[PDB]
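Okay, here we've got a single chain as structure tokens, the form deposited in one PDB entry, with questions on binding and movement later.
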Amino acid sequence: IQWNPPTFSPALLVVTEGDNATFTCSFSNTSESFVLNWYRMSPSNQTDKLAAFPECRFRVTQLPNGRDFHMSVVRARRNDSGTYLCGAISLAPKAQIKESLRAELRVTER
């Protein structure tokens, strides 16, 4: 009736190297049996698993409001720049894997 995929914000996150970099992932779950995954695109335009919630430099924390999660790169390096998304693997109702639209992390020289 009003549906949204998992939100991954911001679409462009620009930090200096050594800074922490924190994306926000939003997923409105209609059940409790799901896991939330954080991914980075391989150069093959494919998908590698960085971290999940429930579960070292990539961490996912679940915020109090039951919707939002924080995926943070600790002390971002310059080879951290690339494509990122989150995805919501929910088994019921209807067993779906829902991926956010991609976001760019851009780590600029210090």
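We call the rigid core the largest set of C-alpha positions that still match within 1.5 Å between the two forms. The first residue of the sequence shown is number 1, and the count goes up from there.
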Subject >> Unmodelled stretch of the deposited sequence separating residue 55 from residue 56, binned as none, 1 to 3, 4 to 9 or 10 or more >> reply: 4 to 9
**OP:** Look over 68 to 76 and 46 to 54 in the entry and identify the one with the greater average Cα temperature factor.
**Re:** 46 to 54
**OP:** Look up the CA B-factors in the entry and say which stretch, 37 to 45 or 22 to 30, has the higher mean.
**Re:** 37 to 45
Original post:
Ranked by Cα temperature factor within the chain, is residue 89 in the lowest third, the middle third or the highest third?
Top reply: lowest
Original post:
How does residue 83 rank on Cα B-factor within its chain, lowest, middle or highest third?
Top reply: middle
**OP:** Consider only the C-alpha atoms of the modelled residues in this chain, order them by B-factor as the entry records it, and name the third containing residue 95: lowest, middle or highest.
**Re:** highest
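Just so it is clear, the following notes concern the form deposited in another entry, a form of the same protein that is not shown.
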Subject >> Threshold 2 Å Cα movement between this form and the one not shown at residue 93, rigid core reference >> reply: yes
